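**Q** Got a sequence here, can you build the structure:
(10 chains)
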Amino acid sequence: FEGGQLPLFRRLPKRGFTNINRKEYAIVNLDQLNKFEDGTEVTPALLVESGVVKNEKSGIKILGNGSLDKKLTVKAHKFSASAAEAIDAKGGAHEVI
Amino acid sequence: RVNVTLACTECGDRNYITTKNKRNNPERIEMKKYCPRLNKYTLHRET
Amino acid sequence: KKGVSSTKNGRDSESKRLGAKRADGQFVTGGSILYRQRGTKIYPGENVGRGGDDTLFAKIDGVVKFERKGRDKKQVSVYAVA
Amino acid sequence: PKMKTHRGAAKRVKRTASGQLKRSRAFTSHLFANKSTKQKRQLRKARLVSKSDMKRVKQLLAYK
RNA sequence: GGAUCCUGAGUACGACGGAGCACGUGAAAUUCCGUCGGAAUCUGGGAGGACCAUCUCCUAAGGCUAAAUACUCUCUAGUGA
RNA sequence: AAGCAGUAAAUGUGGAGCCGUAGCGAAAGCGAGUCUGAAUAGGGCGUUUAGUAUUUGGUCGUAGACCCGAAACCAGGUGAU
RNA sequence: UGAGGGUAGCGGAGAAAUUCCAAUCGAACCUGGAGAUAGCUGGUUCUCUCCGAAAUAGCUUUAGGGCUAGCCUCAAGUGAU
RNA sequence: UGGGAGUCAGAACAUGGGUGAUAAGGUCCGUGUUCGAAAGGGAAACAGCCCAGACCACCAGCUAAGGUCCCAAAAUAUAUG
RNA sequence: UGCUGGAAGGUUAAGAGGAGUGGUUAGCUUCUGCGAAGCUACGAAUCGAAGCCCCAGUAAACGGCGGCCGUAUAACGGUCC
RNA sequence: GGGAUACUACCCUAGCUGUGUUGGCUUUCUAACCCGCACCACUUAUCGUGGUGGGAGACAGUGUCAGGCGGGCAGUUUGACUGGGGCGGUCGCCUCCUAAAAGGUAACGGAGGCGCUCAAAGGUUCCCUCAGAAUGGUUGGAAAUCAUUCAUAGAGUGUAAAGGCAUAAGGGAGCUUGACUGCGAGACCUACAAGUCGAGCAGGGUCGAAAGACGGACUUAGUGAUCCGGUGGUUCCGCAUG
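**A** Residues are numbered from 1 along each chain as shown, chains lettered A, B, ... in the order given. Dropping the coordinates below:
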């Protein structure tokens, strides 16, 4: 309050809404996988244990910023474009659940 | 001297606005101008 | 107090801050303003746009040169030497 | 107890990357017949809160 | 098996107006109120927060119910940077 | 964290849960890109490590909230010695 | 003029006058809400050092109140800016 | 950059201007200065004028504004009128 | 104006007449209406109490009991209202 | 001619009878229901009770719903500025002067405009170029119209004043429709809200042979958030899925 001069929050208009089931997942980028081996199957509950993930949010999803140093295979929900790209660049693949 | 909010040929909503008068310009006017679904200056008409 | 009566003429305009904003030798931006006027007191010359309200801008970045324009008028000549 | 939040203001702005707050403009949502094109373009935008009002309001938003 | 049978009537439900239910006769779909009306009885019905399809859960209108909680006029004993 | 062993303690036990580690966009979505979309452009937001838990101090906020002090309003009662 | 009775506060009474209804009334007194409220006055408890203002915009059902700006202070950073 | 504030009644002089009556120790703006928030000396006393800022001593000295017959420190000084 | 009264010329609730109907969909045709007899529910031709106009009356009701030229309905003729 | 008799909604001009059965309106009954309605008595309680007869009577009243009145009642409001309140006034924008040669700035201080207008007064090519003055003459109230020569834009420019203007931004001829979509670094303003000018970029067209040049009028004013409501489209979502 400012002594009657209009609050900003009625000077300005309400907008927008919430897609109430907003879905982004337990996310993970790339380079964290360097802890693992080559060829090793890297799975959801594995990574839960491994502690790159603390819990599932709405599933899992990936992003390609890091660098892998590990040809190997995954079982995931979701992927970026670069994601499976750079899996199979070294090789290995993505049993996309 | 009053307003005119025009309906395009097929651009399908309420975009363009101008001034005219029903005394100097008593009838429905129309002329060329750029609409977006076309990439060109097409004709549009009064409603 | 007592009867003081109807009363009118206290009417004036919330002003505008006109004139210049930059000066001789000074270096500028692309959408930079150089002057706020009305009419033409000065005349855009080199690399100078003129917006609607007789506002002038320099089309480029660079430095300024005011100077005479006619025999008795004045202009601008922006140069982007660097 | 717990603070509460200005729900009406929650309905009115978006938080940013660092800490800032992205506001929807105003002078909209009605007639633009009396208006111009550059205006309708530059109002189809969104801007930021200023630190001044931010000081005014900082304790309002614990929960964004 | 259930083929047949009993399955909670002025009830359910609706209109009106009032509250409550975070939420405005409301969405109040849910639940009560008072005035008018006013149902099926499975082979049917109820819901699924505008709302319905399909789908699903249940099968209303009959009753009883410890434990896990609450406060201290108490009493006892004790404690008090 | 609740909760539990414990003893009006610690400690231990206790992972439901909370924050962060990717952002963009009302949203659908996408992702070091995203939004707008016509490109990335274009610019906004980004982008390009370090934060976390407890505590001290300051400040703010809700609770009378530095202290005293009205006129008055309401509810229920007393009074015609 | 007495002794006994009857009228109650949004009310009573009233040869009317805001006049009376326990030394007081333009609607009493007791308690309670209630630490009612108070942009209003007053008040606010030992020391030394260092820095050190303002009384101006501007919008206000606002003018002796407020809000930011302004001008202070403190520590983080920068670096001649 | 960010943390914590108070200030919104200002006053007088010079100065500029308006207004008023080339009124007002007026009134409104402005440019300076002092007080407020700053003691000391000078103007007899004399918040704003002149000189001028105190860290504490000290029976030391030099000067400023101003002053030099007595109260009261300093020239009855010179020379001129 | 208020009060009463009235032709009531007509205009006027809670009242009726009924031609026809969501979101989703069992319904007449597998590009398609009898709205019938279907969940969060519905239409007009028309009239329609109190009244609303219209007209009377209405001054020990309220009210006015006026005004101009010549004139401090304080005279008069022109006088208006 | 005044509508208008094929069928004819139905028909005043109707007639007539009540029919699945019922109430249209008014009556008669009366139980209902009532009766501060009189006699009998429990109860010497005549209260109440219940007979009695009489009344009225399906009426109102009563419950809900509805709508007209309602200082009878109750709670609120009843702006500020102000050389005290005060009546008067004024309260939102634009031009100038005060304003002190950057800008900026007061006064219940001085003067003036505004709550729009131009589809041509706009856009774009190609022409024109002053009123006015005298000069002077059918006109003539000198002057109109016309004409000679100078006139400073004194012309004039849609909207007050200001600057500015013959690049004409003034005036015409023709063309038309940029009074275009999606953007823009950037800069001004300012406390905030806001507000203001843009290179240019795609794009794409008008006119123009083009060159290119047009993102509304020479500038400035033309009412004002937001919520709410409405409307149409709709990368959206929208509930177990649809």
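**Q** What sits closest to residue 40 if chain neighbours are left out?
**A** Here I'm looking at chain A. Nearest non-adjacent residue to residue A:40, counting by Cβ to Cβ, 6 or more residues apart in numbering or on different chains: residue A:72, 5.1 Å away. Backbone N, C-alpha and C define where each C-beta goes, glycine included.
**Q** wrong one, I was asking about chain D
**A** Leaving aside its sequence neighbours, residue D:40 sits nearest to residue D:32 (Cβ to Cβ, 6+ apart; 5.7 Å).
**Q** ok, now residue B:7?
**A** residue B:47 (4.3 Å).
**Q** show me the contacts for the one you found.
**A** Listed by Cβ atoms under 8 Å, 6 or more residues apart in numbering or on different chains, the contact partners of residue B:47 are B:6-7, B:28.
**Q** Could you turn the buried ones of these into a PyMOL selection?
**A** To isolate the buried members of these in PyMOL, using 16 or more other Cβ atoms under 10 Å in any protein chain shown:
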select buried, chain B and resi 6
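**Q** Name whatever forms a beta bridge with the nearest residue to residue C:34 once chain neighbours are set aside.
**A** Residue nearest to residue C:34 in three dimensions, not counting chain neighbours: residue C:56, with 5.0 Å by Cβ to Cβ, 6+ apart. Note on residue C:56: beta-bridge partners residue C:35, residue C:50, judged by DSSP bridges.
**Q** again, but for residue A:27
**A** residue A:61.
**Q** My guess is it contacts residue A:64. True?
**A** No: if you go by Cβ atoms under 8 Å, residue A:27 and residue A:64 don't touch, sitting 11.9 Å apart.
**Q** out of these two, which sits in the busier spot?
**A** Comparing residue A:27 with residue A:64 by other Cβ atoms under 10 Å in any protein chain shown, the one with more neighbours is residue A:64, at 18 against 12.
**Q** For chain A, just list every one of the helices.
**A** For chain A, the helices identified by DSSP state H occupy A:8-11, A:44-50, A:81-90, in order along the chain.
**Q** Spit out the contact partners of residue C:76.
**A** For residue C:76, counting by Cβ under 8 Å, 6+ apart, the contacting residues are C:34, C:42-46, C:48, C:56, C:58, C:64-67.
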